[PDB]
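We use all heavy atoms of the structure for the numbers below, so side chains are in, but hydrogens, waters and symmetry mates are not. First the proteins, then the strands, lettered A, B, ... as listed; each starts at 1.
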Amino acid sequence: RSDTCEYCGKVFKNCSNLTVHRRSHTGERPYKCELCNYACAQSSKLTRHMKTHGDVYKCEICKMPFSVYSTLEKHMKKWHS
DNA sequence: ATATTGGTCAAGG
DNA sequence: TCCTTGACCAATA
Ligand SMILES: [Zn+2]
Ligand SMILES: [Zn+2]
Ligand SMILES: [Zn+2]
């Protein structure tokens, strides 16, 4: 059948889209990255985020790998300024 | 301009 | 039939 969001009243034809959407109300983020503190509500978002980890540049303080050097540079300023 | 991300949507495996 | 997957678009911590 169909289902409706208990928080905002939005109706969903695909019930799995409600499961993901509801997490935007509850703050639930069950998909956690093993290579950084990233956490998301949608499994395929973690798959996408993983491409940013890995050719590969590695932070020499926290050992975190990065595919794009500029993303590593931003990681330096945020965690090791 | 770029890289990355949250919310959205549904094709198709 | 239905959940997984990933493309699309707008926003940027
Ligand atoms: Zn809602
Ligand atoms: Zn990560
Ligand atoms: Zn680091």
Side-chain angles (χ1 to χ4, degrees), chain A residues 2-81:
Chain A
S2 268
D3 224 336
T4 307
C5 181
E6 307 90 354
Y7 293 85
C8 77
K10 178 164 173 173
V11 189
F12 290 83
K13 292 69 206 179
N14 182 342
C15 281
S16 294
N17 294 337
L18 166 62
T19 303
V20 166
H21 156 81
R22 186 196 284 113
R23 310 200 158 113
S24 98
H25 300 291
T26 62
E28 193 180 85
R29 271 140 54 139
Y31 304 101
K32 287 139 196 334
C33 182
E34 309 222 78
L35 299 179
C36 76
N37 73 327
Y38 179 76
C40 50
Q42 199 182 354
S43 70
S44 67
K45 291 285 190 297
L46 182 53
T47 304
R48 189 182 67 179
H49 165 83
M50 285 307 297
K51 298 180 190 294
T52 76
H53 286 304
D55 212 38
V56 47
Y57 315 88
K58 285 202 190 92
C59 171
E60 299 308 318
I61 300 179
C62 79
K63 311 309 180 194
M64 184 174 305
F66 291 90
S67 41
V68 176
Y69 183 84
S70 84
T71 306
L72 168 64
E73 280 186 318
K74 184 201 260 304
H75 158 92
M76 303 292 312
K77 315 192 131 173
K78 179 187 170 187
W79 297 100
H80 315 305
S81 92

Nearest-Å distance, [atom1] ([X]) to [atom2] ([N])?
X: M50(A); N: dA3(B); atom1: CE; atom2: P; answer: 19 Å
X: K51(A); N: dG6(C); atom1: NZ; atom2: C1'; answer: 10 Å
X: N14(A); N: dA11(B); atom1: CG; atom2: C1'; answer: 11 Å

side-chain contact (heavy atoms from CB on, under 4.5 Å) between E6(A) and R22(A), worked out:
CA-CA 8 Å; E6(A) 307 90 354; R22(A) 186 196 284 113; 2.8 Å; yes
Contiguous Watson-Crick or G-U pair runs (3 or more, under 3.5 Å) in DNA chain C
B:3-13 with C:2-12
pair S67(A)-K51(A): side-chain heavy atoms closer than 4.5 Å
no
Less than 4.5 Å apart, side chain to side chain, heavy atoms only: is that true for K10(A) and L18(A)?
no
Which distance, rounded to the nearest 0.5 Å, do you find between the [atom1] of [X] and the [atom2] of [Y]?
X: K74(A); Y: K78(A); atom1: NZ; atom2: NZ; value: 9.0 Å
X: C36(A); Y: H75(A); atom1: SG; atom2: NE2; value: 9.0 Å
X: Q42(A); Y: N17(A); atom1: CD; atom2: CG; value: 8.0 Å
X: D3(A); Y: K13(A); atom1: CG; atom2: NZ; value: 11.5 Å

Which of parallel (below 30°), tilted (30 to 60°) and perpendicular (above 60°) describes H53(A) and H49(A)?
perpendicular
How are the rings of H21(A) and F12(A) set relative to one another: parallel (under 30°), tilted (30 to 60°) or perpendicular (over 60°)?
tilted
Could I get a table of every N or O pair under 3.5 Å where one atom is in the protein and the other is in nucleotides 10-13 of chain C?
none

Identify each atom pair where a protein N or O and an N or O of nucleotides 5-9 of chain B are less than 3.5 Å apart, giving names and distance.
unit_1 : atom_1 : unit_2 : atom_2 : d
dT5(B) : OP1    : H49(A) : ND1    : 2.6
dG6(B) : OP2    : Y38(A) : OH     : 2.5
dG6(B) : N7     : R48(A) : NH2    : 2.9
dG6(B) : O6     : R48(A) : NH1    : 2.8
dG7(B) : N7     : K45(A) : NZ     : 3.2
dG7(B) : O6     : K45(A) : NZ     : 2.8
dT8(B) : OP2    : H21(A) : ND1    : 3.2
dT8(B) : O4     : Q42(A) : OE1    : 3.2
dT8(B) : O4     : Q42(A) : NE2    : 3.0
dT8(B) : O4     : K45(A) : NZ     : 3.2
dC9(B) : OP2    : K10(A) : NZ     : 2.7

Take atom NZ of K63(A) as the centre, draw a 6.0 Å sphere, and report whether it contains more than 12 heavy atoms from other residues, nucleotides or ligands.
yes
Which is it for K45(A) and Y38(A) under the side-chain contact (heavy atoms from CB on, under 4.5 Å) test, yes or no, and what are the steps along the way?
CA-CA 10 Å; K45(A) 291 285 190 297; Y38(A) 179 76; 3.9 Å; yes
Heavy-atom contacts under 4.0 Å between residues 54-73 of chain A and DNA chain C, which residues?
none
Report the hydrophobic cluster partners of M76(A), with the cluster defined as I, L, V, M, F, W, Y residues connected by side-chain heavy atoms closer than 4.5 angstrom, directly or transitively.
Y57(A), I61(A), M64(A), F66(A), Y69(A), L72(A)
side-chain contact (heavy atoms from CB on, under 4.5 Å) with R23(A): which residues, sequence neighbours excluded?
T19(A), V20(A), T26(A), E28(A), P30(A), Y31(A), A41(A)
